[PDB]
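A single chain, nothing else alongside it, follows as structure tokens in the form solved without the ligand.
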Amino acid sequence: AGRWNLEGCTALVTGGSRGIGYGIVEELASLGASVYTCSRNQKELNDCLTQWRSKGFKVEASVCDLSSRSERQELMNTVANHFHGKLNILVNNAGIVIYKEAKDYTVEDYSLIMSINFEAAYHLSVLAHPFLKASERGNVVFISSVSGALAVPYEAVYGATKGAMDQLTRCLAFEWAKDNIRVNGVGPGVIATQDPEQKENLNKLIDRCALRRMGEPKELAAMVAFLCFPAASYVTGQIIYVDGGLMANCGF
């Protein structure tokens, strides 16, 4: 790739059929990357491919259920073949939230959120490893959240999964250094992708931003792409927040 671009870089973005992931797929594609992404919705992915290839983006996508170990293993094989065994980038963007107090979560709830938020990311990171190391210039960008480090309503368990992800990110930056793989995390705040109380809770977050507004999917994606540029060669083991200043606030 060029210093400030991703020309010739193959990337896998998990969960790129909409919102943030969608923004990340367009962002990396528009910088010359051939992106492979997936989701559960058969119909939504094909509408994405419609628009992506319409803007000229070099993409590819299949349906996936990242809650399944076999589905994840199958995915890597499928993508590892699509790129011929060389993967430059891996964006662990997939995740879900179950709005319930920590004391209301059921076993089915916990197991499901843990599976998609952390285990699925961890697992696809290990599977991707041989190909990232074989790419000569590998990069893993975990999509975390401000919720992974600071308390947000009905996100006690969603935060736990992100806190484990952040720590795994730091550790992999060290463990996979010898394979020329840089591992970083990007924690979004409120990104513009109902219930009276959730409306206010969403309002409290925008209100606590310096910019006093939600971000756009391309604003978070700009940071992911960058971390993949050859220019960011010395950046690794970091959790960088794209949040309009939310993380740094207290009394504003």
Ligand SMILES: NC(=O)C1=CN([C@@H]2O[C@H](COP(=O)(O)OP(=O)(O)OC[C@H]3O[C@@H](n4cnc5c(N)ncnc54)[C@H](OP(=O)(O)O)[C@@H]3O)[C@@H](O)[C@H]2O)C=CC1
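The first residue of the shown sequence is 1; numbering continues from there.
The discussion below concerns the form solved in complex with the ligand, not included here.
**Student:** Using the pose of the ligand in the deposited complex, placed onto this unliganded form by C-alpha superposition round the site, state open if no ligand atom is within 2.4 Å of a backbone or C-beta atom and blocked if 3 or more are.
**Tutor:** After the site C-alphas are aligned, the pocket of the shown chain is open to the transferred ligand.
**Student:** Please run the contact check for residue 93 against the ligand in the deposited complex: heavy atoms, 4.5 angstroms, yes or no?
**Tutor:** Contact with the ligand, yes.
**Student:** Given that the partner is absent here, does residue 132 sit within 4.5 Å of the ligand in the deposited complex, heavy atoms only?
**Tutor:** Looking in the deposited complex, residue contacts with the ligand do not include residue 132, since no heavy atom lies within 4.5 Å.
**Student:** Does residue 76 make contact with the ligand in the deposited complex, using a 4.5 Å heavy atom cut-off?
**Tutor:** No, residue 76 is distant from the partner.
**Student:** Looking at the partner-bound form in the deposited complex, is residue 65 within 4.5 Å of the ligand by any heavy atom?
**Tutor:** Residue 65 belongs to the contact set for the ligand.
**Student:** Go through 218, 204, 40, 212 and name the one with a heavy atom inside 4.5 Å of the ligand in the deposited complex.
**Tutor:** That would be 40.
**Student:** Given a 4.5 Å cut-off on heavy atoms, tell me which of 137-145, 103-111, 83-91, 175-183 is the interface stretch with the ligand in the deposited complex.
**Tutor:** Contact criterion met by 137-145 only.
**Student:** Give, in sequence order, every residue of 182-197 that has a heavy atom within 4.5 Å of the ligand in the deposited complex, or say none if there are no such residues.
**Tutor:** 188, 189, 190, 191, 193 sit within 4.5 Å of the partner.
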